[PDB]
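Reading through the structure tokens given below for one structure.
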Amino acid sequence: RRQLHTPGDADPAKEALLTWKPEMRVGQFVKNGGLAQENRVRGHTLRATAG
Amino acid sequence: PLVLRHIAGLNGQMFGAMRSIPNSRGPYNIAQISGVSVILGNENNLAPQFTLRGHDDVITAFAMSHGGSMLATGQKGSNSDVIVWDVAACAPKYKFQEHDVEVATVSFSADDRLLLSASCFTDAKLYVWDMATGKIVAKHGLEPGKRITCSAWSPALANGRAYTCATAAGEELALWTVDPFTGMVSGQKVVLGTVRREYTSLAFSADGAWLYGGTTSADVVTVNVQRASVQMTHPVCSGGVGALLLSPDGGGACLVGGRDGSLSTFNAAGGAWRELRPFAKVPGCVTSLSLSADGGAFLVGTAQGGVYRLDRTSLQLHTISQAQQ
Amino acid sequence: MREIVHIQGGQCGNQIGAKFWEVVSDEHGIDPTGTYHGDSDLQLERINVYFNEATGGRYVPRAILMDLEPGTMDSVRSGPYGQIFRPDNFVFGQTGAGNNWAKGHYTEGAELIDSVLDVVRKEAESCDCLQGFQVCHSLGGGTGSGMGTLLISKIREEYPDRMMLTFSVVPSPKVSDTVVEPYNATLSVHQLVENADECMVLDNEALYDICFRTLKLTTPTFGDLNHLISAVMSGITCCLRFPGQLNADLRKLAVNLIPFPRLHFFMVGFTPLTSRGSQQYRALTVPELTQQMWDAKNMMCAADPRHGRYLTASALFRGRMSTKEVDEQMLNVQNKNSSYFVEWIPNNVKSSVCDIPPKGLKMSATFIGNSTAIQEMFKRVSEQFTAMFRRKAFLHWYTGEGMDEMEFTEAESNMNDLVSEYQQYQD
Ligand SMILES: Nc1nc2c(ncn2[C@@H]2O[C@H](COP(=O)(O)OP(=O)(O)O)[C@@H](O)[C@H]2O)c(=O)[nH]1
């Protein structure tokens with residue numbers, strides 16, 4: 001069959017799972033005077049799920 | 001008189017007290033802040049030069065031109081004045097005595113034409129000076145009882161003059177537009193959403209649309225100046241960003257120095273997830289950072305009175321001069 | 001070997017604690033990252049009290065942050081000293097209590113009070129010997145009141161022999177912010193009587209009097225009120241973190257203050273408050289600190305100490321002082337004003353001296369006073385309640401999440417008994 005890349009591997013945090021790298025850091029962002037908040041690729045579902 | 005041997009001493013309390021003249025052809029390479037005067041000297045082989053005396057009281061504001069031809073320094077005492085020295089001849093080219101209590105901050109523009117000396121907290125009279133003559137260009141009233149930590153200018157210019165920015169002692173960060181048309185300065189506070197950090201050292205980007213301010217909270221607050229807003233913050237180093245200076249590589253990189261003596265590289269266009277490579281280490285608590293000459297050496301100044309030279313390709317440590325506090 | 005677990009609840013509790021962790025971290029030399037950078041060796045002697053040692057030398061606070069609205073969890077970590085806190089401790093809801101005591105305590109508590117206990121159980125297990133728990137919240141809203149008292153109810157049934165510090169702000173006499181504020185306080189004080197081993201009483205409009213008159217700040221920031229509270233919350237535990245001439249832990253403060261179990265509400269003042277324009281001219285001495293200590297306006301409560309007698313008081317001195325000077329000054333204020341102190345308790349004021357002053361001051365003192373004058377505050381909250389409850393105004397919301405009117409009537413059962421039990425010692 002035709003080989004395709006797995007689409008789930010695009011997450012930067014998943015590039016090395018089960019390794020202890022304490023110097024990995026999390027960024028934040030501000031939206032025009034709004035509340036500064038954590039920047040993830042999909043942080044909304046981690047924050048408040050869906051529905 | 002009596003012959004003077006090597007003189008040592010730097011005020012580690014204030015930020016950016018050791019900075020290097022970008023042109024090393026002269027006998028002077030390094031400038032450091034003492035109590036009453038400054039020390040101009042050379043980097044490698046310690047043969048110090050004249051201490052530019054002439055201040056009545058303790059120095060608490062330092063700046064130098066990006067071209068290396070002019071230096072500016074204020075004092076804290078009752079007879080408060082900010083004076084600009086020339087480096088070609090050890091002489092004070094300019095004197096300005098209109099601040100009453102103390103000088104807050106002093107900065108030069110991207111080109112050597114403009115001075116910002118927004119410097120008081122009681123009367124708070126923001127000044128913008130020119131370097132062609134010793135006369136005022138722009139005047140403003142800042143705030144009663146507010147302290148200004150650090151100020152800088154943008155490399156983006158329109159009609160031959162630049163626009164500056166300053167940090168207050170608290171959260172707020174004010175952007176100022178100065179013009180040659182009528183000398184009317186326009187100020188705007190940045191819309192800090194919830195980022196309320198104490199700003200340690202700010203500097204603009206290469207394009208000038210963004211300004212990066214390293215804070216005490218070990219992160220770089222990015223401010224876009226066309227919208228006058230805060231965009232994102234990125235934590236760099238395990239200590240607060242005492243010093244911040246744009247990288248000479250030409251990209252969107254910026255060299256920063258943490259509280260733990262780590263000189264790291266911060267990329268503006270980067271992912272949310274970042275890995276903090278130390279990029280060599282400095283034993284002291286780094287508060288000042290500069291580029292010495294064409295040899296690729298960064299001069300870093302610490303709160304413990306240590307000045308260190310760190311070359312690139314390869315990376316080696318060479319201590320220069322220590323000083324007790 | 002004694003440690004304190006800190007819990008912050010609501011909009012008011014999170015901002016007070018963030019300003020508290022702003023102040024208590026710098027006096028031990030911990031930067032916003034967690035690395036020690038202090039210039040003294042005594043700062044690292046007691047780091048365990050408020051910080052957990054981690055890998056790489058980072059120190060993480062023993063702080064649990066709770067709220068029902070996710071906006072405040074942006075408000076804590078994005079401010080100064082916001083990155084010290086553990087992201088696992090950032091436990092929060094999604095809808096917000098919305099100033100309802102019923103929502104915080106009955107409906108929205110049940111999906112979150114299980115989760116906040118798992119963080120507290122994890123933090124209590126990691127400790128070796130808990131001195132006590134310390135919470136800071138508001139009695140005006142619903143997130144820090146209904147859910148805040150719910151944790152206090154569920155933590156005393158698990159740890160009954162440990163102390164419970166509550167730093168709770170109350171409704172104000174003059175001007176307020178929430179309409180249903182008497183409803184939220186009367187329910188919360190009803191819970192706070194039996195479980196909280198000691199309570200600290202705060203209100204914003206006493207701090208407004210302190211900021212405008214003593215500190216003389218022209219336009220005080222909303223966080224400038226928090227710095228007065230934060231200096232206190234560091235001052236109660238000042239003897240724990242540092243050595244001193246007279247050692248007084250949280251238990252010795254507790255066992256000396258309360259004569260009877262139900263009189264655990266205290267009013268607190270902070271002594272060395274001087275404006276920056278006159279800080280050069282002020283000489284900081286023990287007679288100077290004590291004179292500012294016992295002043296009515298220096299208290300952080302709306303209750304005037306002149307109205308009701310001081311049942312028992314305590315002072316926590318920080319800095320280099322003389323034991324004879326401190327002891328003879330506390331005897332002077334009792335003998336000069338004996339009508340304002342209770343007669344059947346000799347030696348009302350118990351003082352403690354710590355040899356490490358706070359940053360920027362060579363001498364400091366935090367004053368705790370248990371007096372019957374605070375019954376004027378609780379009666380003032382109660383008289384606002386009986387006006388609204390007699391017509392069942394703003395009650396269809398509270399009964400919406402499950403509680404009945406019987407719990408409202410029982411709220412005034414213990415509130416009016418509390419003010420009557422305070423009253424029997426004033427005469
Ligand atoms: N001193 C002080 N008071 C605060 C702070 N934040 C909120 N408050 C007070 O808390 C009262 C309302 O609290 P609220 O936000 O309703 O609490 P919650 O909704 O239960 O989380 C207001 O009257 C404010 O005066 C703070 O940071 N410091």
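Quick note on naming: the chains in the structure tokens go A, B, ... in the order shown, residues restart at 1 in each chain, and ligands are numbered from 1 in order of appearance.
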
Hey, could you make a per-residue contact list for range 12-47 of chain A against range 181-193 of chain B with 8 Å as the cut-off, showing the nearest pair of atoms and its distance in Å to one decimal, counting only C-alpha atoms, sorted by chain and number, as a tab-separated table?
residue	atom	partner	partner_atom	distance
A:30	CA	B:193	CA	6.7
A:31	CA	B:193	CA	7.9
A:32	CA	B:191	CA	7.1
A:33	CA	B:193	CA	4.0
A:34	CA	B:193	CA	4.9
A:35	CA	B:193	CA	5.3
A:36	CA	B:193	CA	6.3

*Expected answer as a PyMOL selection string: residues within 9 Å of ligand 1, only C-alpha atoms and all ligand atoms*: chain C and resi 9-19+67-69+72+96-101+104+137-148+169-172+175-178+181+184+202-205+207+222-229

*Write out as a PyMOL selection string every residue belonging to chain C that has an atom at most 8 Å from any atom of chain A, counting only C-alpha atoms.*
chain C and resi 71+74-75+78+94

Save out the residues we just selected, C-alpha atoms, as an mmCIF file, in the first residue's frame.
data_model
loop_
_atom_site.group_PDB
_atom_site.id
_atom_site.type_symbol
_atom_site.label_atom_id
_atom_site.label_comp_id
_atom_site.auth_asym_id
_atom_site.auth_seq_id
_atom_site.Cartn_x
_atom_site.Cartn_y
_atom_site.Cartn_z
ATOM 1 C CA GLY C 71 -9.961 33.750 34.065
ATOM 2 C CA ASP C 74 -4.619 33.403 33.684
ATOM 3 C CA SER C 75 -4.406 36.225 36.227
ATOM 4 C CA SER C 78 0.881 35.807 33.881
ATOM 5 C CA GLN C 94 -15.208 26.333 33.838
#

Between chain B and chain A, at 8 Å or less, what are the per-residue closest atom pairs and their distances in Å? Count only C-alpha atoms, order by chain and rising residue number, and return it as CSV.
residue,atom,partner,partner_atom,distance
B:191,CA,A:33,CA,5.2
B:192,CA,A:33,CA,5.7
B:193,CA,A:33,CA,4.0
B:194,CA,A:35,CA,5.6
B:195,CA,A:36,CA,6.6
B:229,CA,A:32,CA,6.0
B:230,CA,A:30,CA,6.0
B:231,CA,A:30,CA,4.9
B:232,CA,A:29,CA,3.9
B:233,CA,A:28,CA,5.2
B:234,CA,A:27,CA,5.0
B:235,CA,A:27,CA,6.8
B:272,CA,A:27,CA,4.7
B:273,CA,A:26,CA,5.2
B:274,CA,A:25,CA,5.1
B:275,CA,A:24,CA,4.4
B:276,CA,A:23,CA,5.3
B:277,CA,A:23,CA,7.7

*Distance query residue 162 in chain C at most 10 Å, only C-alpha atoms, self and fewer than 5 positions along chain excluded, as JSON, numbers by chain*: {"C": [4, 129, 130, 131, 132, 133, 155, 156, 197, 251]}

Please write the residues from the selection above to a file, keeping C-alpha atoms, as an mmCIF file, in the first residue's frame.
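Heads up, here's the output in out.cif:
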data_model
loop_
_atom_site.group_PDB
_atom_site.id
_atom_site.type_symbol
_atom_site.label_atom_id
_atom_site.label_comp_id
_atom_site.auth_asym_id
_atom_site.auth_seq_id
_atom_site.Cartn_x
_atom_site.Cartn_y
_atom_site.Cartn_z
ATOM 1 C CA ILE C 4 2.328 25.343 56.246
ATOM 2 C CA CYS C 129 4.925 17.441 59.934
ATOM 3 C CA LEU C 130 2.192 19.980 59.192
ATOM 4 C CA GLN C 131 2.191 23.013 61.464
ATOM 5 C CA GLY C 132 -1.154 24.000 59.970
ATOM 6 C CA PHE C 133 -3.087 25.123 56.927
ATOM 7 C CA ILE C 155 -10.110 19.507 55.609
ATOM 8 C CA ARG C 156 -10.922 19.597 59.338
ATOM 9 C CA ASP C 197 -9.272 27.347 64.595
ATOM 10 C CA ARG C 251 0.257 27.246 68.156
#

Check the DSSP output for the backbone and give back, as a tab-separated table (two decimals) with N, CA and C atoms, in the first residue's frame, the residues of range 99-292 of chain B in strand (DSSP E).
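Result file follows (result34.tsv):
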chain	number	residue	atom	x	y	z
B	107	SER	N	19.27	57.56	27.42
B	107	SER	CA	19.46	56.66	26.28
B	107	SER	C	19.71	57.47	25.02
B	108	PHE	N	20.41	56.85	24.07
B	108	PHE	CA	20.64	57.44	22.76
B	108	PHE	C	19.72	56.77	21.74
B	114	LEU	N	19.98	61.69	18.56
B	114	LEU	CA	18.96	61.99	19.56
B	114	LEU	C	19.29	61.39	20.93
B	115	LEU	N	18.87	62.12	21.96
B	115	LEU	CA	18.97	61.76	23.37
B	115	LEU	C	17.60	61.77	24.03
B	116	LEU	N	17.31	60.74	24.82
B	116	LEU	CA	16.17	60.74	25.72
B	116	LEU	C	16.68	60.75	27.15
B	125	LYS	N	10.10	65.79	34.31
B	125	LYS	CA	10.16	66.56	33.07
B	125	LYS	C	10.94	65.75	32.03
B	126	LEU	N	10.21	65.03	31.19
B	126	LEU	CA	10.80	64.28	30.09
B	126	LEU	C	11.44	65.22	29.09
B	127	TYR	N	12.70	64.94	28.75
B	127	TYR	CA	13.47	65.71	27.78
B	127	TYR	C	13.93	64.83	26.63
B	128	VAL	N	13.85	65.39	25.43
B	128	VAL	CA	14.49	64.84	24.24
B	128	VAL	C	15.43	65.92	23.72
B	129	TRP	N	16.71	65.58	23.63
B	129	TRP	CA	17.80	66.45	23.23
B	129	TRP	C	18.33	66.03	21.86
B	130	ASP	N	19.00	66.96	21.19
B	130	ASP	CA	19.75	66.66	19.99
B	130	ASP	C	21.25	66.77	20.26
B	136	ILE	N	17.20	72.00	23.73
B	136	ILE	CA	16.09	71.07	23.91
B	136	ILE	C	15.38	70.85	22.58
B	137	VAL	N	14.83	69.66	22.39
B	137	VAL	CA	14.01	69.33	21.23
B	137	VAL	C	12.57	69.05	21.63
B	138	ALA	N	12.36	68.15	22.60
B	138	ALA	CA	11.00	67.84	23.02
B	138	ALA	C	10.90	67.85	24.54
B	139	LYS	N	9.72	68.27	25.02
B	139	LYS	CA	9.44	68.47	26.44
B	139	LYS	C	8.14	67.77	26.80
B	140	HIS	N	8.10	67.12	27.96
B	140	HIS	CA	6.87	66.47	28.40
B	140	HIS	C	6.82	66.40	29.92
B	141	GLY	N	5.60	66.24	30.45
B	141	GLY	CA	5.40	65.97	31.86
B	141	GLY	C	5.01	64.52	32.09
B	148	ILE	N	11.37	55.58	36.43
B	148	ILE	CA	11.61	55.01	35.11
B	148	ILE	C	12.86	54.15	35.18
B	149	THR	N	12.73	52.87	34.83
B	149	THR	CA	13.86	51.95	34.94
B	149	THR	C	14.79	52.06	33.74
B	150	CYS	N	14.28	51.77	32.54
B	150	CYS	CA	15.12	51.76	31.36
B	150	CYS	C	14.32	52.25	30.16
B	151	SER	N	15.04	52.83	29.19
B	151	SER	CA	14.45	53.36	27.98
B	151	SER	C	15.36	53.06	26.79
B	152	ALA	N	14.75	52.98	25.61
B	152	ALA	CA	15.47	52.70	24.38
B	152	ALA	C	14.77	53.40	23.22
B	153	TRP	N	15.36	53.28	22.03
B	153	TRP	CA	14.82	53.88	20.82
B	153	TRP	C	14.71	52.82	19.74
B	154	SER	N	13.84	53.11	18.72
B	154	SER	CA	13.67	52.15	17.65
B	154	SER	C	14.60	52.47	16.48
B	155	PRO	N	15.03	51.45	15.73
B	155	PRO	CA	15.78	51.71	14.49
B	155	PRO	C	14.89	52.09	13.32
B	156	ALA	N	13.57	52.02	13.47
B	156	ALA	CA	12.65	52.48	12.43
B	156	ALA	C	12.48	53.98	12.55
B	157	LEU	N	12.73	54.70	11.46
B	157	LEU	CA	12.70	56.15	11.47
B	157	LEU	C	11.77	56.67	10.38
B	158	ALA	N	11.24	57.87	10.62
B	158	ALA	CA	10.46	58.58	9.62
B	158	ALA	C	10.82	60.06	9.73
B	161	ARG	N	14.07	61.14	12.14
B	161	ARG	CA	14.11	61.05	13.59
B	161	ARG	C	13.36	59.81	14.05
B	162	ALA	N	13.80	59.26	15.18
B	162	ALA	CA	13.31	57.98	15.68
B	162	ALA	C	12.25	58.19	16.76
B	163	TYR	N	11.71	57.07	17.24
B	163	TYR	CA	10.69	57.06	18.29
B	163	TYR	C	11.14	56.12	19.40
B	164	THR	N	10.86	56.51	20.64
B	164	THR	CA	11.46	55.86	21.79
B	164	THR	C	10.41	55.14	22.63
B	165	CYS	N	10.89	54.45	23.66
B	165	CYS	CA	10.04	53.71	24.57
B	165	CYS	C	10.72	53.63	25.93
B	166	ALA	N	9.91	53.57	26.98
B	166	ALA	CA	10.43	53.58	28.34
B	166	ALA	C	9.57	52.70	29.23
B	167	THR	N	10.17	52.17	30.29
B	167	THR	CA	9.48	51.33	31.25
B	167	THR	C	9.35	52.08	32.57
B	168	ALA	N	8.17	52.04	33.17
B	168	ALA	CA	8.06	52.61	34.51
B	168	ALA	C	8.51	51.59	35.55
B	173	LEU	N	4.41	50.54	30.30
B	173	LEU	CA	5.43	50.71	29.28
B	173	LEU	C	4.92	51.74	28.29
B	174	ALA	N	5.61	52.87	28.20
B	174	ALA	CA	5.13	54.01	27.43
B	174	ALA	C	5.95	54.17	26.15
B	175	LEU	N	5.25	54.30	25.03
B	175	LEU	CA	5.86	54.54	23.73
B	175	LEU	C	5.68	56.01	23.38
B	176	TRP	N	6.76	56.63	22.90
B	176	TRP	CA	6.79	58.06	22.63
B	176	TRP	C	7.22	58.30	21.19
B	177	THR	N	6.46	59.13	20.49
B	177	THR	CA	6.80	59.58	19.15
B	177	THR	C	7.30	61.02	19.22
B	186	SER	N	4.31	62.58	21.48
B	186	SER	CA	3.04	61.90	21.72
B	186	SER	C	3.29	60.59	22.44
B	187	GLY	N	2.62	60.39	23.56
B	187	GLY	CA	2.84	59.23	24.41
B	187	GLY	C	1.62	58.32	24.44
B	188	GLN	N	1.87	57.02	24.53
B	188	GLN	CA	0.81	56.04	24.67
B	188	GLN	C	1.28	54.89	25.55
B	189	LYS	N	0.41	54.47	26.47
B	189	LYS	CA	0.70	53.32	27.31
B	189	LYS	C	0.32	52.05	26.58
B	199	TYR	N	9.84	45.46	34.38
B	199	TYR	CA	10.65	45.40	33.17
B	199	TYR	C	12.10	45.73	33.51
B	200	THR	N	13.01	44.83	33.15
B	200	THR	CA	14.42	45.03	33.47
B	200	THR	C	15.16	45.73	32.33
B	201	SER	N	15.10	45.18	31.12
B	201	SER	CA	15.84	45.78	30.02
B	201	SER	C	15.10	45.57	28.71
B	202	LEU	N	14.86	46.66	27.98
B	202	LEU	CA	14.11	46.60	26.74
B	202	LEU	C	14.99	47.04	25.58
B	203	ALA	N	14.71	46.48	24.40
B	203	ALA	CA	15.38	46.87	23.17
B	203	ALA	C	14.49	46.50	22.00
B	204	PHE	N	14.53	47.31	20.95
B	204	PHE	CA	13.70	47.04	19.78
B	204	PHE	C	14.32	45.94	18.92
B	210	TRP	N	8.60	45.52	16.48
B	210	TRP	CA	8.50	44.84	17.76
B	210	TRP	C	9.57	45.35	18.71
B	211	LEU	N	9.25	45.38	19.99
B	211	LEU	CA	10.23	45.65	21.03
B	211	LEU	C	10.18	44.51	22.04
B	212	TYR	N	11.36	44.02	22.41
B	212	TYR	CA	11.50	42.92	23.36
B	212	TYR	C	11.98	43.48	24.69
B	213	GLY	N	11.21	43.22	25.74
B	213	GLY	CA	11.63	43.61	27.07
B	213	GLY	C	11.84	42.42	27.97
B	214	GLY	N	13.09	42.14	28.32
B	214	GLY	CA	13.37	41.10	29.30
B	214	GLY	C	13.03	41.61	30.68
B	215	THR	N	12.27	40.81	31.43
B	215	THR	CA	11.75	41.21	32.72
B	215	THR	C	12.46	40.46	33.84
B	219	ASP	N	11.30	36.29	31.48
B	219	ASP	CA	10.66	36.17	30.18
B	219	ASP	C	10.79	37.48	29.41
B	220	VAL	N	10.66	37.35	28.10
B	220	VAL	CA	10.79	38.45	27.17
B	220	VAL	C	9.39	38.82	26.70
B	221	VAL	N	8.93	40.00	27.08
B	221	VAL	CA	7.63	40.51	26.66
B	221	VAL	C	7.80	41.15	25.29
B	222	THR	N	7.02	40.70	24.32
B	222	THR	CA	7.07	41.23	22.97
B	222	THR	C	5.91	42.19	22.76
B	223	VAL	N	6.23	43.40	22.31
B	223	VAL	CA	5.26	44.47	22.11
B	223	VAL	C	5.30	44.90	20.66
B	224	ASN	N	4.15	44.86	19.99
B	224	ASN	CA	4.07	45.40	18.63
B	224	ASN	C	3.66	46.86	18.71
B	229	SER	N	0.60	47.12	21.51
B	229	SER	CA	0.01	46.02	22.27
B	229	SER	C	1.07	45.00	22.65
B	230	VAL	N	0.70	44.12	23.57
B	230	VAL	CA	1.52	42.98	23.97
B	230	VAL	C	1.05	41.77	23.18
B	231	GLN	N	1.99	41.07	22.54
B	231	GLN	CA	1.65	39.91	21.73
B	231	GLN	C	1.89	38.59	22.46
B	232	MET	N	3.13	38.35	22.88
B	232	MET	CA	3.47	37.08	23.51
B	232	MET	C	4.64	37.28	24.46
B	233	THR	N	4.80	36.33	25.38
B	233	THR	CA	5.93	36.26	26.28
B	233	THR	C	6.56	34.88	26.20
B	234	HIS	N	7.89	34.83	26.23
B	234	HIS	CA	8.62	33.57	26.14
B	234	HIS	C	9.63	33.50	27.28
B	235	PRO	N	9.55	32.49	28.14
B	235	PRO	CA	10.52	32.38	29.25
B	235	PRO	C	11.88	31.91	28.75
B	243	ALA	N	20.12	41.52	31.20
B	243	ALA	CA	20.63	42.21	30.02
B	243	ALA	C	20.02	41.61	28.77
B	244	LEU	N	19.79	42.45	27.77
B	244	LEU	CA	19.18	42.04	26.52
B	244	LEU	C	19.77	42.87	25.39
B	245	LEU	N	20.25	42.20	24.35
B	245	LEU	CA	20.90	42.87	23.23
B	245	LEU	C	20.70	42.03	21.97
B	246	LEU	N	20.35	42.69	20.87
B	246	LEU	CA	20.02	41.99	19.64
B	246	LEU	C	21.25	41.32	19.03
B	253	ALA	N	17.19	36.77	16.05
B	253	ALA	CA	17.76	36.30	17.31
B	253	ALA	C	18.18	37.48	18.18
B	254	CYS	N	18.25	37.22	19.48
B	254	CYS	CA	18.61	38.24	20.46
B	254	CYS	C	19.34	37.57	21.62
B	255	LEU	N	20.51	38.10	21.96
B	255	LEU	CA	21.28	37.56	23.08
B	255	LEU	C	20.77	38.14	24.39
B	256	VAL	N	20.54	37.27	25.37
B	256	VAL	CA	20.05	37.69	26.68
B	256	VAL	C	20.94	37.09	27.76
B	257	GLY	N	20.99	37.76	28.91
B	257	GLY	CA	21.76	37.29	30.04
B	257	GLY	C	20.92	37.16	31.29
B	263	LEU	N	24.08	33.08	29.27
B	263	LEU	CA	23.90	33.91	28.08
B	263	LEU	C	23.24	33.06	27.01
B	264	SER	N	21.95	33.28	26.79
B	264	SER	CA	21.17	32.46	25.88
B	264	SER	C	20.74	33.26	24.65
B	265	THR	N	20.21	32.54	23.67
B	265	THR	CA	19.72	33.12	22.43
B	265	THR	C	18.21	32.95	22.35
B	266	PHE	N	17.50	34.05	22.13
B	266	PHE	CA	16.05	34.05	22.04
B	266	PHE	C	15.65	34.41	20.61
B	267	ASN	N	14.88	33.53	19.98
B	267	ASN	CA	14.39	33.75	18.63
B	267	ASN	C	12.97	34.28	18.69
B	274	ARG	N	9.89	25.67	23.82
B	274	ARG	CA	11.29	26.01	23.65
B	274	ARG	C	12.14	25.24	24.65
B	275	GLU	N	13.35	24.89	24.22
B	275	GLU	CA	14.33	24.21	25.06
B	275	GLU	C	15.44	25.19	25.40
B	286	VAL	N	24.76	37.97	35.78
B	286	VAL	CA	24.95	38.85	34.63
B	286	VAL	C	23.90	39.95	34.63
B	287	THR	N	24.35	41.20	34.55
B	287	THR	CA	23.48	42.35	34.46
B	287	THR	C	23.71	43.21	33.22
B	288	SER	N	24.87	43.10	32.57
B	288	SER	CA	25.17	43.92	31.40
B	288	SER	C	25.75	43.04	30.30
B	289	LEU	N	25.46	43.40	29.05
B	289	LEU	CA	25.93	42.65	27.90
B	289	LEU	C	26.20	43.62	26.76
B	290	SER	N	27.33	43.42	26.07
B	290	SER	CA	27.68	44.27	24.94
B	290	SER	C	28.57	43.49	23.99
B	291	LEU	N	28.73	44.01	22.78
B	291	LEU	CA	29.63	43.46	21.79
B	291	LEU	C	30.89	44.32	21.73
